[PDB]
>>> print(open('data_0.txt').read())   # compact mmCIF, C-alpha atoms and all ligand atoms
# COMPACT_ATOMS: atom_id res chain seq x y z
CA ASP M 9 13.69 -15.06 8.02
CA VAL M 10 12.95 -11.55 6.71
CA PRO M 11 14.94 -11.08 3.47
CA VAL M 12 16.69 -7.69 3.31
CA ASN M 13 19.14 -6.22 0.79
CA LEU M 14 19.65 -9.34 -1.33
CA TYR M 15 20.58 -6.80 -4.02
CA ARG M 16 22.17 -3.38 -3.55
CA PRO M 17 22.62 -0.28 -5.79
CA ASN M 18 26.23 -1.17 -6.72
CA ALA M 19 25.09 -4.43 -8.37
CA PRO M 20 21.31 -4.49 -8.89
CA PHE M 21 19.14 -7.34 -10.10
CA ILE M 22 18.22 -6.99 -13.76
CA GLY M 23 14.61 -8.09 -14.11
CA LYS M 24 12.30 -8.01 -17.12
CA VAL M 25 8.88 -6.43 -17.42
CA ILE M 26 6.22 -9.03 -18.10
CA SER M 27 3.20 -6.72 -18.10
CA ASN M 28 2.17 -3.10 -17.56
CA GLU M 29 -1.61 -2.63 -17.03
CA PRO M 30 -3.61 0.55 -16.27
CA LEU M 31 -5.54 0.64 -12.98
CA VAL M 32 -7.28 3.99 -13.41
CA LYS M 33 -10.49 3.53 -15.39
CA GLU M 34 -11.93 6.06 -17.84
CA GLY M 35 -13.28 9.13 -16.08
CA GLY M 36 -10.62 8.95 -13.39
CA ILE M 37 -7.76 11.25 -12.39
CA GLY M 38 -4.19 10.48 -13.32
CA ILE M 39 -2.29 7.36 -14.31
CA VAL M 40 -1.59 4.42 -12.03
CA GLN M 41 -0.07 1.28 -13.52
CA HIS M 42 0.27 -2.28 -12.26
CA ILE M 43 3.67 -3.54 -13.40
CA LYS M 44 4.82 -7.15 -13.10
CA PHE M 45 8.48 -8.15 -13.36
CA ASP M 46 10.18 -11.47 -14.02
CA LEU M 47 12.47 -12.58 -11.21
CA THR M 48 13.85 -15.78 -12.75
CA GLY M 49 17.62 -15.92 -13.02
CA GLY M 50 18.15 -14.22 -9.67
CA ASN M 51 17.63 -14.83 -5.97
CA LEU M 52 15.31 -11.95 -5.05
CA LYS M 53 12.97 -13.13 -2.32
CA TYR M 54 10.60 -10.89 -0.38
CA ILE M 55 7.60 -10.96 1.92
CA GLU M 56 4.49 -8.85 2.44
CA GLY M 57 4.88 -5.24 3.50
CA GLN M 58 8.36 -4.72 2.00
CA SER M 59 9.61 -2.36 -0.71
CA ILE M 60 12.06 -2.57 -3.60
CA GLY M 61 14.13 0.12 -5.28
CA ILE M 62 14.16 0.94 -8.99
CA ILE M 63 17.11 2.74 -10.60
CA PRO M 64 15.82 4.90 -13.48
CA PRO M 65 18.05 5.50 -16.52
CA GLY M 66 19.66 8.82 -17.31
CA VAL M 67 21.24 11.69 -15.41
CA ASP M 68 19.88 14.61 -13.41
CA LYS M 69 20.47 18.29 -14.30
CA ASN M 70 24.01 18.18 -12.85
CA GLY M 71 25.03 15.23 -15.01
CA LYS M 72 24.94 12.78 -12.09
CA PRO M 73 23.33 9.30 -12.40
CA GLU M 74 19.75 9.01 -11.19
CA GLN M 75 19.49 7.25 -7.83
CA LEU M 76 16.88 4.69 -6.79
CA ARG M 77 13.29 5.38 -5.80
CA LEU M 78 11.49 3.03 -3.38
CA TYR M 79 8.18 1.38 -4.23
CA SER M 80 6.00 -0.77 -1.96
CA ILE M 81 5.76 -4.33 -3.23
CA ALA M 82 2.20 -4.87 -4.50
CA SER M 83 2.31 -8.68 -4.75
CA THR M 84 2.48 -11.35 -2.05
CA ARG M 85 5.74 -13.32 -1.71
CA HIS M 86 4.41 -15.76 -4.35
CA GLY M 87 3.71 -13.20 -7.07
CA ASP M 88 0.37 -12.50 -8.76
CA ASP M 89 0.37 -15.90 -10.47
CA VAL M 90 1.36 -17.69 -7.25
CA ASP M 91 4.41 -19.27 -8.91
CA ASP M 92 7.22 -17.56 -6.94
CA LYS M 93 8.68 -16.12 -10.15
CA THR M 94 7.42 -12.52 -10.26
CA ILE M 95 6.98 -9.28 -8.31
CA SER M 96 4.49 -6.45 -8.88
CA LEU M 97 4.46 -2.71 -8.28
CA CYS M 98 1.67 -0.12 -8.14
CA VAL M 99 3.06 3.10 -9.60
CA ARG M 100 1.33 6.45 -9.99
CA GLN M 101 2.83 8.88 -12.49
CA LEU M 102 3.98 12.06 -10.77
CA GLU M 103 3.47 15.41 -12.49
CA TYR M 104 2.92 18.94 -11.20
CA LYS M 105 2.99 22.71 -11.24
CA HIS M 106 4.18 26.00 -12.80
CA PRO M 107 5.61 27.41 -9.54
CA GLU M 108 8.38 24.82 -10.06
CA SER M 109 10.15 25.89 -13.31
CA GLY M 110 8.40 25.59 -16.71
CA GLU M 111 4.93 24.15 -17.36
CA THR M 112 4.36 20.51 -16.40
CA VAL M 113 7.15 18.60 -14.66
CA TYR M 114 7.16 14.82 -15.02
CA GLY M 115 8.65 12.64 -12.33
CA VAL M 116 11.64 10.72 -13.67
CA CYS M 117 11.22 7.21 -12.24
CA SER M 118 7.41 7.18 -12.15
CA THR M 119 7.13 8.36 -15.77
CA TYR M 120 9.79 5.82 -16.67
CA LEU M 121 7.91 2.98 -14.99
CA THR M 122 4.34 3.76 -16.08
CA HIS M 123 5.38 3.89 -19.75
CA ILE M 124 7.77 0.92 -19.73
CA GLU M 125 7.30 -1.82 -22.33
CA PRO M 126 7.12 -5.59 -21.74
CA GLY M 127 10.52 -7.11 -22.42
CA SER M 128 12.41 -4.13 -20.97
CA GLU M 129 15.16 -4.77 -18.45
CA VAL M 130 14.90 -2.99 -15.10
CA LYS M 131 17.43 -2.46 -12.29
CA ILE M 132 15.89 -3.70 -9.04
CA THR M 133 17.36 -3.51 -5.52
CA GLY M 134 16.19 -4.81 -2.14
CA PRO M 135 13.98 -5.91 -0.58
CA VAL M 136 13.89 -3.34 2.22
CA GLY M 137 11.69 -2.70 5.22
CA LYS M 138 10.62 -4.41 8.43
CA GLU M 139 8.12 -1.76 9.52
CA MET M 140 5.07 -2.98 7.55
CA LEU M 141 5.25 -6.74 8.11
CA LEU M 142 2.15 -8.89 8.65
CA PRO M 143 1.91 -11.01 11.83
CA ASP M 144 1.62 -14.75 11.21
CA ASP M 145 -1.16 -14.83 13.80
CA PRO M 146 -4.27 -16.00 11.87
CA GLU M 147 -6.53 -14.47 14.52
CA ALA M 148 -5.09 -10.96 14.31
CA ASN M 149 -7.37 -8.05 13.57
CA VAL M 150 -5.94 -5.89 10.79
CA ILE M 151 -7.03 -2.29 10.28
CA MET M 152 -5.77 -0.82 7.00
CA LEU M 153 -5.83 2.91 6.31
CA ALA M 154 -4.76 3.68 2.74
CA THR M 155 -4.84 6.54 0.25
CA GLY M 156 -3.95 6.18 -3.42
CA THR M 157 -0.93 3.96 -3.98
CA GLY M 158 -0.76 3.20 -0.28
CA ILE M 159 -3.15 0.41 -1.29
CA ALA M 160 -0.03 -1.55 -2.39
CA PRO M 161 1.06 -3.17 0.91
CA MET M 162 -2.62 -3.68 1.81
CA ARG M 163 -3.16 -5.71 -1.36
CA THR M 164 -0.33 -8.07 -0.38
CA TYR M 165 -1.99 -8.68 3.00
CA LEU M 166 -5.52 -9.17 1.66
CA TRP M 167 -4.46 -11.51 -1.15
CA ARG M 168 -2.47 -13.66 1.29
CA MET M 169 -5.46 -13.63 3.64
CA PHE M 170 -8.28 -14.21 1.13
CA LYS M 171 -7.20 -15.44 -2.34
CA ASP M 172 -8.08 -19.10 -2.92
CA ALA M 173 -4.70 -19.89 -4.49
CA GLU M 174 -2.81 -18.20 -1.66
CA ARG M 175 -4.76 -20.19 0.96
CA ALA M 176 -3.78 -23.40 -0.84
CA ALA M 177 -0.14 -22.28 -1.03
CA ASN M 178 0.17 -21.12 2.61
CA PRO M 179 -1.06 -24.04 4.75
CA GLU M 180 0.35 -22.40 7.89
CA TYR M 181 -1.63 -19.17 7.40
CA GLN M 182 -5.40 -19.56 7.17
CA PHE M 183 -6.77 -16.16 8.21
CA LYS M 184 -9.86 -16.04 10.42
CA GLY M 185 -9.54 -12.70 12.17
CA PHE M 186 -11.17 -9.46 11.07
CA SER M 187 -9.74 -6.95 8.60
CA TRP M 188 -11.05 -3.52 7.66
CA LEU M 189 -9.78 -1.41 4.77
CA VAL M 190 -10.61 2.29 4.64
CA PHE M 191 -9.52 3.43 1.19
CA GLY M 192 -9.40 7.06 0.12
CA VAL M 193 -9.43 7.97 -3.57
CA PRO M 194 -10.82 10.90 -5.61
CA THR M 195 -13.25 9.02 -7.86
CA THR M 196 -14.79 5.57 -8.28
CA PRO M 197 -12.74 4.90 -11.42
CA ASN M 198 -9.73 5.63 -9.20
CA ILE M 199 -10.44 2.77 -6.81
CA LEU M 200 -7.39 0.64 -7.57
CA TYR M 201 -8.30 -3.06 -7.63
CA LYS M 202 -12.01 -2.31 -7.09
CA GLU M 203 -13.33 -5.54 -8.60
CA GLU M 204 -10.93 -7.75 -6.65
CA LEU M 205 -11.45 -5.89 -3.35
CA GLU M 206 -15.23 -6.15 -3.69
CA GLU M 207 -15.05 -9.85 -4.54
CA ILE M 208 -13.16 -10.46 -1.30
CA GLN M 209 -15.88 -8.59 0.60
CA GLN M 210 -18.57 -10.81 -0.97
CA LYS M 211 -16.82 -14.12 -0.16
CA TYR M 212 -15.81 -13.09 3.36
CA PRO M 213 -18.48 -10.69 4.71
CA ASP M 214 -17.57 -11.54 8.32
CA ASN M 215 -13.79 -11.25 7.90
CA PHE M 216 -13.43 -8.20 5.66
CA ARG M 217 -15.05 -4.79 5.68
CA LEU M 218 -14.47 -2.29 2.89
CA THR M 219 -15.06 1.44 3.35
CA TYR M 220 -14.38 4.11 0.71
CA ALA M 221 -13.83 7.82 1.02
CA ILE M 222 -14.34 9.25 -2.46
CA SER M 223 -13.81 13.00 -2.42
CA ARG M 224 -15.30 14.07 -5.77
CA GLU M 225 -18.45 12.03 -5.12
CA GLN M 226 -19.01 12.22 -1.37
CA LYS M 227 -19.33 15.04 1.15
CA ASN M 228 -18.43 14.93 4.85
CA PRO M 229 -20.86 16.34 7.46
CA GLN M 230 -19.31 19.82 7.24
CA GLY M 231 -20.02 20.01 3.50
CA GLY M 232 -16.44 19.43 2.39
CA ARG M 233 -15.09 16.66 0.20
CA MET M 234 -14.94 13.20 1.83
CA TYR M 235 -11.38 12.33 2.76
CA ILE M 236 -10.07 9.34 4.69
CA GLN M 237 -9.83 11.29 7.96
CA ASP M 238 -13.54 12.02 7.63
CA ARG M 239 -14.32 8.30 7.42
CA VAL M 240 -12.03 7.60 10.40
CA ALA M 241 -13.81 10.19 12.56
CA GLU M 242 -17.13 8.67 11.52
CA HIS M 243 -15.98 5.30 12.90
CA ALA M 244 -13.56 6.52 15.59
CA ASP M 245 -15.35 4.76 18.46
CA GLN M 246 -15.39 1.40 16.62
CA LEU M 247 -11.77 1.74 15.49
CA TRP M 248 -10.67 2.55 19.05
CA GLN M 249 -12.47 -0.47 20.48
CA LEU M 250 -10.75 -2.80 18.00
CA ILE M 251 -7.38 -1.17 18.66
CA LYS M 252 -7.74 -2.06 22.35
CA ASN M 253 -7.63 -5.75 21.44
CA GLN M 254 -4.16 -7.24 21.98
CA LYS M 255 -4.40 -8.96 18.58
CA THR M 256 -5.11 -5.83 16.56
CA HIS M 257 -2.53 -4.31 14.19
CA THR M 258 -3.06 -1.00 12.36
CA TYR M 259 -1.42 -0.12 9.02
CA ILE M 260 -1.27 3.37 7.56
CA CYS M 261 0.09 3.93 4.07
CA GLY M 262 -0.24 6.67 1.49
CA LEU M 263 0.95 10.21 0.92
CA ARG M 264 2.33 12.10 3.92
CA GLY M 265 -0.18 14.18 5.85
CA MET M 266 -2.97 11.65 6.46
CA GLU M 267 -1.65 10.74 9.93
CA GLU M 268 -2.61 14.00 11.65
CA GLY M 269 -6.33 13.59 11.02
CA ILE M 270 -6.35 9.92 12.01
CA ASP M 271 -4.78 10.85 15.36
CA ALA M 272 -7.24 13.67 16.09
CA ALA M 273 -10.18 11.29 15.57
CA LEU M 274 -8.65 8.52 17.69
CA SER M 275 -7.65 11.04 20.38
CA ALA M 276 -11.25 12.13 20.95
CA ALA M 277 -12.38 8.49 21.10
CA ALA M 278 -9.66 7.48 23.57
CA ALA M 279 -10.20 10.55 25.78
CA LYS M 280 -13.71 9.33 26.65
CA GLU M 281 -12.15 6.51 28.68
CA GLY M 282 -9.40 8.63 30.21
CA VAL M 283 -6.69 7.56 27.75
CA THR M 284 -4.36 10.06 26.08
CA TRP M 285 -3.98 8.63 22.56
CA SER M 286 -0.47 10.00 21.93
CA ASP M 287 0.89 8.01 24.88
CA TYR M 288 -1.11 4.87 24.06
CA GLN M 289 0.19 5.07 20.48
CA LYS M 290 3.83 5.17 21.66
CA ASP M 291 3.27 1.87 23.43
CA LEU M 292 1.64 0.41 20.30
CA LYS M 293 4.67 1.40 18.21
CA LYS M 294 7.04 -0.13 20.77
CA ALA M 295 4.93 -3.30 20.81
CA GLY M 296 5.12 -3.46 17.01
CA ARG M 297 1.38 -3.02 16.51
CA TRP M 298 1.30 0.40 14.88
CA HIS M 299 2.66 0.46 11.32
CA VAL M 300 3.18 3.62 9.29
CA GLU M 301 4.63 4.22 5.83
CA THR M 302 3.87 7.62 4.27
CA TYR M 303 5.77 9.49 1.56
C1 LIG M 401 8.77 3.49 1.22
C2 LIG M 401 8.20 4.17 -0.01
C3 LIG M 401 7.30 3.53 -0.73
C4 LIG M 401 6.73 4.11 -1.88
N1 LIG M 401 5.82 3.43 -2.56
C5 LIG M 401 5.30 3.92 -3.67
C6 LIG M 401 4.26 3.14 -4.43
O1 LIG M 401 3.85 2.02 -4.13
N2 LIG M 401 3.76 3.75 -5.57
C7 LIG M 401 4.14 5.01 -6.00
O2 LIG M 401 3.63 5.51 -7.01
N3 LIG M 401 5.06 5.69 -5.24
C8 LIG M 401 5.65 5.21 -4.14
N4 LIG M 401 6.53 5.97 -3.42
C9 LIG M 401 7.10 7.29 -3.93
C10 LIG M 401 8.15 6.96 -4.97
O3 LIG M 401 9.32 6.48 -4.37
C11 LIG M 401 8.74 8.16 -5.75
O4 LIG M 401 8.98 9.25 -4.80
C12 LIG M 401 7.66 8.79 -6.66
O5 LIG M 401 7.26 7.73 -7.53
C13 LIG M 401 8.10 9.94 -7.44
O6 LIG M 401 9.40 9.63 -8.01
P1 LIG M 401 9.79 10.23 -9.44
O7 LIG M 401 11.07 9.68 -9.77
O8 LIG M 401 8.63 9.97 -10.28
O9 LIG M 401 9.90 11.80 -9.11
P2 LIG M 401 11.21 13.02 -8.88
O10 LIG M 401 11.48 13.03 -10.32
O11 LIG M 401 12.26 12.78 -7.87
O12 LIG M 401 10.25 14.10 -8.46
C14 LIG M 401 10.05 14.20 -7.10
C15 LIG M 401 10.60 15.49 -6.62
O13 LIG M 401 9.93 16.63 -7.25
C16 LIG M 401 9.28 17.38 -6.21
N5 LIG M 401 7.76 17.29 -6.16
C17 LIG M 401 6.95 16.16 -6.09
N6 LIG M 401 5.65 16.42 -6.02
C18 LIG M 401 5.55 17.83 -6.03
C19 LIG M 401 4.41 18.77 -5.96
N7 LIG M 401 3.09 18.47 -5.87
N8 LIG M 401 4.69 20.09 -5.99
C20 LIG M 401 5.99 20.46 -6.07
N9 LIG M 401 7.13 19.71 -6.14
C21 LIG M 401 6.83 18.37 -6.11
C22 LIG M 401 10.15 17.11 -4.97
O14 LIG M 401 11.39 17.86 -4.99
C23 LIG M 401 10.35 15.58 -5.10
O15 LIG M 401 11.56 15.23 -4.42
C24 LIG M 401 7.12 5.41 -2.29
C25 LIG M 401 8.09 6.07 -1.50
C26 LIG M 401 8.63 5.49 -0.41
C27 LIG M 401 9.66 6.30 0.35
>>> encode(input="data_0.txt", output="structure tokens", more="lines below")
Ligand SMILES: Cc1cc2nc3c(=O)[nH]c(=O)nc-3n(C[C@H](O)[C@H](O)[C@H](O)COP(=O)(O)OP(=O)(O)OC[C@H]3O[C@@H](n4cnc5c(N)ncnc54)[C@H](O)[C@@H]3O)c2cc1C
Amino acid sequence: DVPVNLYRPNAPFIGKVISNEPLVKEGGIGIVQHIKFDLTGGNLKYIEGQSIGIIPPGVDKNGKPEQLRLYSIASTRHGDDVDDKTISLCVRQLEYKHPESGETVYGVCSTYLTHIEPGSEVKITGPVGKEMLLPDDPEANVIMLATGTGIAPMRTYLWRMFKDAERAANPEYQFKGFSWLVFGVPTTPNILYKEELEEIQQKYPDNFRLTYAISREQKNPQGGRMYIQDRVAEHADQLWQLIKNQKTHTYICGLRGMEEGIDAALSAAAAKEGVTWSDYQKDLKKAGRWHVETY
């Protein structure tokens, strides 16, 4: 029932770009694009939490073909238009430093994707992943801990849960649990999907809580920049009490390195009741209730 590897690298699906929109507003850092592809003429199906691969054109420095890079699917199974014909990605352009040969290095696939024109054909493989799947239990609690483009799987959950057109398209899933997104970004113009996230929080104030950690605008208690681990420590007691519920699932997605500060906050909270978090967390992973995708 979970689609996996309907397309593979040796014969990928050739989709077309429908749109390529910027998500970072003026005054923000970097480039993050929302890219929608046309899936008609193929049999690519997917569900929420999965990833697809993109094969960029060209060769590396050794003259070998460029391999695929994985990207979290940013749309629900129905696509952004709820017509079951499209798939969306949330792609940040990668670029970096001088202690890595030259001046500015541009990431191959992310530069390729963020500057791709509507009408362009793209090689798409997948879907892949069973680690970030949403339970069909409408009474689940869902804690979502995201930084940057780790917002992508979270957007697929929230849209399925809260969009009017999704609710009408998924009669079997009418969410009525509680979900809490803690979203870490550097600036307010960097809050990907800000308007849509904040509309959900207005319509469903008892089912969705939205917390930001904005590091260039907020300070933690120690005087440093506000990062997501600082917001998690602020609410560590509350987060631990929700995690104790049998219905609660936790999702962590973003760049690698956020997990260590989430654990240290939850460890101190758990210790107060004689629980060692690292052993409780092993049981949550085994039970399928602790979901991590960092990169
Ligand atoms: C499951 C999964 C899901 C992902 N989802 C997304 C998503 O939704 N959105 C998204 O934007 N990305 C996502 N990523 C990352 C994405 O796959 C690519 O790694 C990323 O886009 C960069 O690829 P590239 O082709 O642009 O870079 P490459 O051209 O391969 O450049 C990357 C290489 O350069 C180096 N490098 C990178 N950063 C630095 C640095 N700061 N300093 C020094 N060297 C560095 C490393 O050698 C790295 O292997 C995901 C990754 C995985 C594994």
>>> closest_residue(input="data_0.txt", among="M:149, M:225, M:179, M:194", to="residue 247 in chain M", atoms="all atoms listed in the file")
M:149
>>> residues_near_ligand(input="data_0.txt", ligand="ligand LIG 401 (chain M)", cutoff="8 Å", atoms="all atoms listed in the file", output="VMD selection string")
chain M and resid 40 59 64 77 to 82 97 to 105 107 to 108 114 to 120 137 157 to 161 262 301 to 303
>>> atom_distance(input="data_0.txt", atom1="CA of residue 224 in chain M", atom2="CA of residue 200 in chain M")
15.7 Å
>>> residues_around(input="data_0.txt", residues="residue 209 in chain M", least_positions_apart="6", cutoff="8 Å", atoms="all atoms listed in the file", output="PDB file with C-alpha atoms, keeping the file's coordinate frame")
ATOM      1  CA  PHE M 216     -13.430  -8.200   5.660  1.00  0.00           C
ATOM      2  CA  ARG M 217     -15.050  -4.790   5.680  1.00  0.00           C
ATOM      3  CA  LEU M 218     -14.470  -2.290   2.890  1.00  0.00           C
TER       4      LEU M 218
END
>>> atom_distance(input="data_0.txt", atom1="CA of residue 90 in chain M", atom2="CA of residue 22 in chain M")
21.0 Å
>>> closest_residue(input="data_0.txt", among="M:156, M:283, M:258, M:47", to="residue 198 in chain M", atoms="all atoms listed in the file")
M:156
>>> atom_distance(input="data_0.txt", atom1="CA of residue 131 in chain M", atom2="CA of residue 73 in chain M")
13.2 Å
>>> residues_around(input="data_0.txt", residues="residue 206 in chain M", least_positions_apart="2", cutoff="12 Å", atoms="all atoms listed in the file", output="ChimeraX atom specification")
/M:166,170,189,199-204,208-213,216-220
>>> write_last_selection(input="data_0.txt", atoms="C-alpha atoms", output="short mmCIF file (atom, residue, chain, number, x, y, z; two decimals), in the frame of the given file")
data_model
loop_
_atom_site.label_atom_id
_atom_site.label_comp_id
_atom_site.auth_asym_id
_atom_site.auth_seq_id
_atom_site.Cartn_x
_atom_site.Cartn_y
_atom_site.Cartn_z
CA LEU M 166 -5.52 -9.17 1.66
CA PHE M 170 -8.28 -14.21 1.13
CA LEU M 189 -9.78 -1.41 4.77
CA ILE M 199 -10.44 2.77 -6.81
CA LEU M 200 -7.39 0.64 -7.57
CA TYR M 201 -8.30 -3.06 -7.63
CA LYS M 202 -12.01 -2.31 -7.09
CA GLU M 203 -13.33 -5.54 -8.60
CA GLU M 204 -10.93 -7.75 -6.65
CA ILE M 208 -13.16 -10.46 -1.30
CA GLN M 209 -15.88 -8.59 0.60
CA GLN M 210 -18.57 -10.81 -0.97
CA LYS M 211 -16.82 -14.12 -0.16
CA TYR M 212 -15.81 -13.09 3.36
CA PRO M 213 -18.48 -10.69 4.71
CA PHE M 216 -13.43 -8.20 5.66
CA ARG M 217 -15.05 -4.79 5.68
CA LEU M 218 -14.47 -2.29 2.89
CA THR M 219 -15.06 1.44 3.35
CA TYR M 220 -14.38 4.11 0.71
#
>>> closest_residue(input="data_0.txt", among="M:192, M:254, M:139, M:282", to="residue 226 in chain M", atoms="only C-alpha atoms")
M:192
>>> residues_around(input="data_0.txt", residues="residue 92 in chain M", least_positions_apart="6", cutoff="12 Å", atoms="all atoms listed in the file", output="list in words")
residues 45, 46, 47, 48, 50, 51, 52, 53, 54, 55, 83, 84, 85, 86, 174 and 177 of chain M
>>> closest_residue(input="data_0.txt", among="M:168, M:207, M:242, M:215", to="residue 186 in chain M", atoms="all atoms listed in the file")
M:215
>>> closest_residue(input="data_0.txt", among="M:14, M:279, M:222, M:140", to="residue 298 in chain M", atoms="only C-alpha atoms")
M:140
>>> decode(input="data_0.txt", residues="range 204-216 of chain M", atoms="N, CA and C atoms", output="PDB file, in the first residue's frame")
ATOM      1  N   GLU M 204       0.423  30.418   4.556  1.00  0.00           N
ATOM      2  CA  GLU M 204      -0.399  29.215   4.606  1.00  0.00           C
ATOM      3  C   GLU M 204      -0.345  28.500   5.955  1.00  0.00           C
ATOM      4  N   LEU M 205       0.811  28.550   6.617  1.00  0.00           N
ATOM      5  CA  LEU M 205       0.975  27.955   7.943  1.00  0.00           C
ATOM      6  C   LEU M 205       0.160  28.729   8.981  1.00  0.00           C
ATOM      7  N   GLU M 206       0.180  30.054   8.858  1.00  0.00           N
ATOM      8  CA  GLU M 206      -0.506  30.937   9.787  1.00  0.00           C
ATOM      9  C   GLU M 206      -2.010  30.981   9.558  1.00  0.00           C
ATOM     10  N   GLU M 207      -2.450  30.637   8.349  1.00  0.00           N
ATOM     11  CA  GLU M 207      -3.878  30.506   8.074  1.00  0.00           C
ATOM     12  C   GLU M 207      -4.426  29.248   8.732  1.00  0.00           C
ATOM     13  N   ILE M 208      -3.653  28.167   8.676  1.00  0.00           N
ATOM     14  CA  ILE M 208      -4.028  26.935   9.354  1.00  0.00           C
ATOM     15  C   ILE M 208      -4.175  27.172  10.855  1.00  0.00           C
ATOM     16  N   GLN M 209      -3.252  27.929  11.439  1.00  0.00           N
ATOM     17  CA  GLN M 209      -3.291  28.193  12.869  1.00  0.00           C
ATOM     18  C   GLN M 209      -4.461  29.087  13.291  1.00  0.00           C
ATOM     19  N   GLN M 210      -4.993  29.872  12.356  1.00  0.00           N
ATOM     20  CA  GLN M 210      -6.177  30.693  12.626  1.00  0.00           C
ATOM     21  C   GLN M 210      -7.486  29.902  12.540  1.00  0.00           C
ATOM     22  N   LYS M 211      -7.557  28.959  11.602  1.00  0.00           N
ATOM     23  CA  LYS M 211      -8.756  28.144  11.410  1.00  0.00           C
ATOM     24  C   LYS M 211      -8.868  27.044  12.455  1.00  0.00           C
ATOM     25  N   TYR M 212      -7.722  26.572  12.937  1.00  0.00           N
ATOM     26  CA  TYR M 212      -7.672  25.415  13.825  1.00  0.00           C
ATOM     27  C   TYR M 212      -6.817  25.682  15.060  1.00  0.00           C
ATOM     28  N   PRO M 213      -7.212  26.663  15.891  1.00  0.00           N
ATOM     29  CA  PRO M 213      -6.389  27.096  17.025  1.00  0.00           C
ATOM     30  C   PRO M 213      -6.264  26.048  18.135  1.00  0.00           C
ATOM     31  N   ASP M 214      -7.127  25.038  18.092  1.00  0.00           N
ATOM     32  CA  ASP M 214      -7.110  23.975  19.087  1.00  0.00           C
ATOM     33  C   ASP M 214      -6.505  22.672  18.557  1.00  0.00           C
ATOM     34  N   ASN M 215      -6.105  22.667  17.287  1.00  0.00           N
ATOM     35  CA  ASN M 215      -5.559  21.469  16.665  1.00  0.00           C
ATOM     36  C   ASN M 215      -4.145  21.692  16.136  1.00  0.00           C
ATOM     37  N   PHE M 216      -3.727  22.950  16.054  1.00  0.00           N
ATOM     38  CA  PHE M 216      -2.423  23.291  15.496  1.00  0.00           C
ATOM     39  C   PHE M 216      -1.787  24.413  16.279  1.00  0.00           C
TER      40      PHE M 216
END
